[PDB]
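With mmCIF, C-alpha atoms and all ligand atoms inside, this is run-v5.cif:
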```cif
data_coords
#
loop_
_atom_site.label_atom_id
_atom_site.label_comp_id
_atom_site.auth_asym_id
_atom_site.auth_seq_id
_atom_site.Cartn_x
_atom_site.Cartn_y
_atom_site.Cartn_z
CA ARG F 5 -20.57 -113.96 -116.44
CA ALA F 6 -20.34 -116.76 -119.05
CA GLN F 7 -23.76 -115.99 -120.57
CA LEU F 8 -23.44 -112.78 -122.56
CA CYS F 9 -27.10 -112.31 -123.46
CA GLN F 10 -28.63 -110.40 -120.64
CA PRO F 11 -32.26 -110.87 -119.60
CA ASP F 12 -34.63 -108.08 -120.53
CA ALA F 13 -37.41 -106.77 -118.28
CA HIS F 14 -39.43 -109.89 -119.14
CA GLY F 15 -36.62 -112.33 -118.44
CA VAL F 16 -35.82 -113.02 -122.13
CA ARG F 17 -32.09 -113.08 -122.87
CA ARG F 18 -31.04 -110.77 -125.74
CA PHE F 19 -27.83 -109.46 -127.25
CA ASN F 20 -27.97 -105.95 -128.62
CA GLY F 21 -31.73 -106.32 -128.87
CA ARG F 22 -31.58 -109.57 -130.90
CA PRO F 23 -33.06 -112.66 -129.22
CA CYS F 24 -30.67 -115.33 -128.06
CA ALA F 25 -30.99 -119.09 -128.17
CA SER F 26 -29.23 -121.90 -126.38
CA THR F 27 -27.87 -124.86 -128.34
CA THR F 28 -26.94 -128.48 -127.66
CA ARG F 29 -25.91 -131.43 -129.85
CA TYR F 30 -27.61 -134.79 -130.26
CA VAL F 31 -27.18 -138.18 -131.92
CA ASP F 32 -30.07 -140.66 -132.17
CA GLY F 33 -30.31 -142.02 -135.74
CA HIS F 34 -34.06 -141.50 -136.07
CA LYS F 35 -35.76 -140.29 -139.23
CA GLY F 36 -37.24 -137.47 -137.15
CA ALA F 37 -40.38 -135.40 -136.87
CA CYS F 38 -40.37 -133.82 -140.35
CA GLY F 39 -40.37 -137.13 -142.18
CA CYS F 40 -36.94 -136.67 -143.85
CA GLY F 41 -36.50 -140.33 -144.76
CA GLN F 42 -38.35 -143.17 -146.47
CA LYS F 43 -42.08 -143.27 -145.80
CA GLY F 44 -43.12 -145.80 -143.20
CA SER F 45 -39.58 -146.54 -141.94
CA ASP F 46 -37.50 -144.94 -139.18
CA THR F 47 -34.57 -144.48 -141.60
CA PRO F 48 -33.38 -140.91 -142.30
CA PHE F 49 -32.01 -139.86 -145.65
CA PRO F 50 -28.20 -139.66 -145.34
CA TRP F 51 -28.23 -135.91 -145.89
CA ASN F 52 -30.44 -135.55 -142.79
CA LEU F 53 -27.67 -137.12 -140.69
CA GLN F 54 -24.81 -135.27 -142.42
CA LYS F 55 -25.84 -131.65 -143.03
CA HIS F 56 -26.51 -128.65 -140.77
CA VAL F 57 -29.95 -129.63 -139.48
CA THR F 58 -31.62 -128.98 -136.15
CA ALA F 59 -34.38 -130.10 -133.78
CA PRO F 60 -35.76 -126.92 -132.15
CA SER F 61 -37.70 -126.92 -128.95
CA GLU F 62 -41.28 -128.09 -129.34
CA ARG F 63 -43.24 -124.82 -129.16
CA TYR F 64 -41.12 -123.23 -131.90
CA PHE F 65 -41.18 -126.47 -133.92
CA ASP F 66 -44.99 -126.34 -134.13
CA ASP F 67 -45.48 -122.54 -133.87
CA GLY F 68 -47.23 -122.75 -130.50
CA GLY F 69 -48.79 -126.19 -131.01
CA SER F 70 -47.89 -129.60 -129.64
CA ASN F 71 -47.75 -131.65 -132.84
CA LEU F 72 -44.56 -133.73 -133.03
CA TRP F 73 -45.11 -134.84 -136.64
CA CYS F 74 -45.02 -132.33 -139.53
CA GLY F 75 -44.75 -129.35 -137.23
CA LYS F 76 -45.57 -125.95 -138.73
CA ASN F 77 -41.90 -124.91 -138.85
CA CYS F 78 -40.54 -128.04 -140.53
CA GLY F 79 -38.27 -126.97 -143.35
CA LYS F 80 -37.56 -123.48 -142.05
CA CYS F 81 -33.98 -122.30 -141.83
CA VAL F 82 -32.37 -120.37 -138.97
CA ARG F 83 -29.05 -118.52 -138.88
CA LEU F 84 -27.24 -118.98 -135.57
CA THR F 85 -24.39 -116.62 -134.64
CA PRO F 86 -22.26 -117.35 -131.53
CA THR F 87 -22.05 -114.53 -129.03
CA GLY F 88 -19.01 -115.95 -127.25
CA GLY F 89 -21.17 -117.02 -124.34
CA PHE F 90 -22.17 -120.35 -122.88
CA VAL F 91 -23.85 -121.80 -119.78
CA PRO F 92 -21.09 -122.47 -117.20
CA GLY F 93 -20.40 -126.14 -116.81
CA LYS F 94 -22.47 -126.95 -119.89
CA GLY F 95 -20.49 -125.52 -122.79
CA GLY F 96 -17.56 -123.40 -123.79
CA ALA F 97 -16.55 -120.40 -125.85
CA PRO F 98 -16.06 -121.19 -129.55
CA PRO F 99 -12.92 -120.34 -131.52
CA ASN F 100 -14.74 -117.93 -133.82
CA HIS F 101 -18.17 -116.35 -134.28
CA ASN F 102 -18.90 -117.34 -137.89
CA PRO F 103 -22.68 -117.71 -138.36
CA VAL F 104 -24.06 -121.04 -139.55
CA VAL F 105 -27.47 -121.76 -141.14
CA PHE F 106 -29.43 -124.86 -140.07
CA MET F 107 -32.65 -126.37 -141.40
CA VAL F 108 -35.43 -127.60 -139.11
CA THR F 109 -35.95 -131.31 -139.70
CA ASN F 110 -36.78 -132.68 -136.25
CA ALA F 111 -38.19 -131.63 -132.85
CA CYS F 112 -36.85 -131.44 -129.30
CA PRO F 113 -39.89 -132.34 -127.17
CA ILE F 114 -40.53 -130.88 -123.72
CA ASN F 115 -40.91 -134.43 -122.37
CA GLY F 116 -37.44 -135.72 -121.45
CA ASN F 117 -35.71 -132.40 -122.31
CA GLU F 118 -37.06 -130.10 -119.66
CA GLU F 119 -33.86 -128.12 -118.97
CA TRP F 120 -33.27 -126.95 -122.53
CA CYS F 121 -36.48 -127.60 -124.50
CA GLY F 122 -38.98 -127.04 -121.67
CA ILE F 123 -40.36 -123.73 -122.95
CA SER F 124 -44.12 -123.33 -122.60
CA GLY F 125 -44.77 -120.82 -125.35
CA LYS F 126 -43.45 -119.87 -128.75
CA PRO F 127 -40.93 -117.07 -129.31
CA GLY F 128 -42.40 -113.65 -128.70
CA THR F 129 -44.49 -114.70 -125.71
CA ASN F 130 -41.79 -114.15 -123.07
CA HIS F 131 -41.54 -117.83 -122.12
CA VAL F 132 -37.99 -119.09 -121.55
CA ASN F 133 -36.10 -122.24 -120.69
CA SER F 134 -34.32 -122.80 -117.39
CA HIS F 135 -31.33 -120.82 -118.70
CA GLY F 136 -33.34 -117.79 -119.87
CA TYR F 137 -33.64 -118.40 -123.62
CA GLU F 138 -36.88 -118.11 -125.61
CA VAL F 139 -35.95 -121.00 -127.93
CA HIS F 140 -33.46 -123.87 -128.04
CA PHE F 141 -31.78 -125.54 -131.03
CA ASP F 142 -30.53 -129.13 -130.68
CA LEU F 143 -28.00 -129.67 -133.47
CA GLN F 144 -27.71 -133.00 -135.29
CA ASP F 145 -24.24 -134.44 -134.75
CA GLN F 146 -24.36 -137.96 -136.23
CA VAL F 147 -21.21 -137.41 -138.32
CA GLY F 148 -19.49 -134.96 -135.98
CA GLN F 149 -20.56 -131.89 -137.94
CA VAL F 150 -20.98 -129.89 -134.70
CA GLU F 151 -17.52 -130.90 -133.49
CA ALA F 152 -16.22 -129.77 -136.90
CA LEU F 153 -17.55 -126.28 -136.08
CA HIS F 154 -15.88 -126.51 -132.64
CA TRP F 155 -19.20 -125.62 -131.05
CA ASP F 156 -19.71 -126.85 -127.45
CA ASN F 157 -23.25 -125.71 -126.68
CA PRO F 158 -22.62 -122.06 -127.62
CA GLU F 159 -24.99 -119.27 -126.81
CA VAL F 160 -26.17 -117.75 -130.13
CA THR F 161 -28.38 -115.08 -131.57
CA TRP F 162 -31.00 -116.52 -133.88
CA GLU F 163 -33.01 -115.42 -136.90
CA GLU F 164 -35.16 -117.10 -139.53
CA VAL F 165 -33.63 -116.84 -142.99
CA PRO F 166 -34.40 -118.21 -146.44
CA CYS F 167 -32.89 -121.67 -146.85
CA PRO F 168 -29.84 -122.20 -149.09
CA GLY F 169 -30.72 -123.87 -152.36
CA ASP F 170 -29.24 -127.26 -151.50
CA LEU F 171 -31.20 -127.51 -148.23
CA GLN F 172 -34.43 -126.45 -150.01
CA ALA F 173 -33.91 -129.21 -152.54
CA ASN F 174 -33.22 -131.77 -149.80
CA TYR F 175 -36.40 -130.77 -147.93
CA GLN F 176 -38.55 -131.51 -150.99
CA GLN F 177 -37.99 -135.22 -150.35
CA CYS F 178 -39.34 -135.06 -146.79
CA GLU F 179 -42.82 -136.42 -146.18
CA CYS F 180 -43.93 -133.22 -144.46
CA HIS F 181 -43.20 -131.10 -147.54
CA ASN F 182 -46.58 -129.65 -148.51
CA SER F 183 -48.50 -131.02 -145.54
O1 LIG F 201 -31.89 -132.11 -123.93
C1 LIG F 201 -31.26 -131.46 -125.04
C2 LIG F 201 -30.16 -132.36 -125.59
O2 LIG F 201 -29.17 -132.45 -124.57
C3 LIG F 201 -27.96 -133.05 -125.03
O3 LIG F 201 -27.08 -133.17 -123.94
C4 LIG F 201 -26.42 -131.96 -123.54
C5 LIG F 201 -26.53 -131.83 -122.03
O4 LIG F 201 -27.87 -131.50 -121.66
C6 LIG F 201 -25.60 -130.74 -121.49
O5 LIG F 201 -25.51 -130.72 -120.05
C7 LIG F 201 -24.20 -131.04 -121.92
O6 LIG F 201 -23.31 -129.99 -121.53
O7 LIG F 201 -24.21 -131.02 -123.33
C8 LIG F 201 -24.93 -132.10 -123.90
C9 LIG F 201 -24.59 -132.06 -125.37
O8 LIG F 201 -25.17 -130.92 -125.99
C10 LIG F 201 -28.20 -134.45 -125.54
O9 LIG F 201 -27.00 -134.93 -126.20
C11 LIG F 201 -29.37 -134.49 -126.50
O10 LIG F 201 -29.63 -135.89 -126.78
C12 LIG F 201 -30.58 -133.79 -125.90
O11 LIG F 201 -31.59 -133.75 -126.92
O1 LIG F 202 -38.37 -140.82 -136.37
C1 LIG F 202 -39.74 -140.73 -136.82
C2 LIG F 202 -40.58 -140.32 -135.62
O2 LIG F 202 -40.04 -139.07 -135.17
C3 LIG F 202 -40.71 -138.62 -133.98
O3 LIG F 202 -40.02 -137.49 -133.50
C4 LIG F 202 -38.99 -137.73 -132.51
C5 LIG F 202 -37.66 -137.95 -133.24
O4 LIG F 202 -37.59 -139.28 -133.81
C6 LIG F 202 -36.51 -137.87 -132.24
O5 LIG F 202 -35.28 -137.84 -132.97
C7 LIG F 202 -36.65 -136.61 -131.38
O6 LIG F 202 -35.66 -136.60 -130.32
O7 LIG F 202 -37.93 -136.59 -130.73
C8 LIG F 202 -38.96 -136.44 -131.69
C9 LIG F 202 -40.27 -136.13 -130.95
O8 LIG F 202 -40.58 -137.20 -130.05
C10 LIG F 202 -42.10 -138.21 -134.40
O9 LIG F 202 -42.77 -137.69 -133.25
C11 LIG F 202 -42.82 -139.45 -134.89
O10 LIG F 202 -44.13 -139.10 -135.35
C12 LIG F 202 -42.04 -140.07 -136.03
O11 LIG F 202 -42.63 -141.34 -136.41
#
```

Using the file provided, produce a representation of the structure as structure tokens.
Ligand SMILES: OC[C@H]1O[C@@H](O[C@H]2[C@H](O)[C@@H](O)[C@H](O)O[C@@H]2CO)[C@H](O)[C@@H](O)[C@@H]1O
Ligand SMILES: OC[C@H]1O[C@@H](O[C@H]2[C@H](O)[C@@H](O)[C@H](O)O[C@@H]2CO)[C@H](O)[C@@H](O)[C@@H]1O
Amino acid sequence: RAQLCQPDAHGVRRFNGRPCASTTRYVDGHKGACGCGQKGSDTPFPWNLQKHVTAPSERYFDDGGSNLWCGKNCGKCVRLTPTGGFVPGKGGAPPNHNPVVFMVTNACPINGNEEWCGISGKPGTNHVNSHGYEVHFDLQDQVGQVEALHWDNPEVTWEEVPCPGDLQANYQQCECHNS
């Protein structure tokens, strides 16, 4: 048993009652779906390639909707805490369980990401991905910031939290701020 969050009666994986999420890492260089770069260009601000930022699965990104530009949850922050688990063959156990806060600045669409981001309802509606998680967080890794955490697709618990001050200030520059 590599996955430590066990499915509840509705199939949703949890760990001591808290909901779990799967995670992956990505590199693509795009500005992304919250507009965190210069208007009209596909160029991200450097901080949006360097900091702890995430592309959640589509139905969380837009709070049940399908908009892939200025989703409802752009600019939210989530605290992810490793459980020690992982999907066998698709991750590993991390060296510690320090929690890390990430800011939503992009989206992981269902199309082309069915295994991890193919979840057909928002959290709380008992819809899960193919590995049993109600939400997925794809972590930006342009500058190796996920490797610096030594995270290889860890299973995590997840919660929304207020953003740290520096990430709030960064988000103010994104086009979707106040949309
Ligand atoms: O589709 C989500 C995300 O997947 C990333 O690839 C995963 C891959 O699915 C998994 O089998 C392997 O173990 O890990 C990699 C890295 O997390 C891919 O890099 C992303 O572009 C994609 O958005
Ligand atoms: O990059 C600006 C462009 O972002 C689009 O979102 C993409 C994002 O670029 C990509 O990194 C991620 O993997 O997929 C999302 C969703 O397809 C956004 O949809 C566009 O409106 C925007 O112009």

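Near ligand LIG 202 (chain F), at a distance of at most 7 Å and with only C-alpha atoms and all ligand atoms counted, sit the residues residues 32, 34, 35, 36, 37, 39, 46, 72, 73, 110, 111, 112 and 113 of chain F.
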
Distance atom CA of residue F:47-atom CA of residue F:25, one decimal place?
->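 Taking atom CA of residue F:47 as the start and atom CA of residue F:25 as the end point, the length is 28.9 Å.
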
Would you mind listing what lies within 12 Å of residue F:123 as a ChimeraX atom specification, with all atoms listed in the file counted and same-chain residues fewer than 6 positions away left out?
-> /F:16,25-26,60-65,68-70,112-115,117,129-141

Just how far from atom CA of residue F:54 is atom CA of residue F:91, in Å to one decimal?
->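 Going from atom CA of residue F:91 over to atom CA of residue F:54 covers 26.4 Å.
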
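Restricting the calculation to only C-alpha atoms, the smallest distance between residue F:142 and any of F:29, F:43, F:76, F:55 is found for F:29.
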
Using all atoms listed in the file, determine which residues fall within 6 Å of ligand LIG 201 (chain F), then list them as a PyMOL selection string.
-> chain F and resi 28-30+94-95+117+120+157

Between atom CA of residue F:40 and atom CA of residue F:75, what is the spacing in Å?
->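 Calculated distance between atom CA of residue F:75 and atom CA of residue F:40 is 12.6 Å.
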
For residue F:124, the closest of F:11, F:78, F:67, F:23 counting all atoms listed in the file is F:67

Using all atoms listed in the file, determine which residues lie at most 10 Å from residue F:33, disregarding the query and same-chain residues fewer than 6 positions distant; provide the list as a list in words.
-> residues 46, 47, 48, 52, 53, 144, 145 and 146 of chain F

Give the answer as one residue: which of F:180, F:152, F:38, F:167 has the shortest atom-to-atom distance to residue F:80, using all atoms listed in the file?
-> F:167

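With distances restricted to only C-alpha atoms, F:162 is the closest residue to residue F:105 from F:122, F:162, F:87, F:9.
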
Any idea what's packed within 8 Å of residue F:7, counting all atoms listed in the file, ignoring anything in its chain fewer than 4 positions away? Could you give it as a list in words?
-> residues 89, 90, 91, 92 and 159 of chain F

Would you mind exporting the chosen residues as a PDB file, keeping the file's coordinate frame, restricted to C-alpha atoms?
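Result written to part14.pdb:
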```pdb
ATOM      1  CA  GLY F  89     -21.170-117.020-124.340  1.00  0.00           C
ATOM      2  CA  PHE F  90     -22.170-120.350-122.880  1.00  0.00           C
ATOM      3  CA  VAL F  91     -23.850-121.800-119.780  1.00  0.00           C
ATOM      4  CA  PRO F  92     -21.090-122.470-117.200  1.00  0.00           C
ATOM      5  CA  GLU F 159     -24.990-119.270-126.810  1.00  0.00           C
TER       6      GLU F 159
END
```

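Each of F:31, F:121, F:24, F:84 was compared to residue F:104 using only C-alpha atoms, and F:84 turns out to be the nearest.
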
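Between residue F:150 and the residues F:71, F:58, F:166, F:182, the shortest atom-to-atom distance, using only C-alpha atoms, involves F:58.
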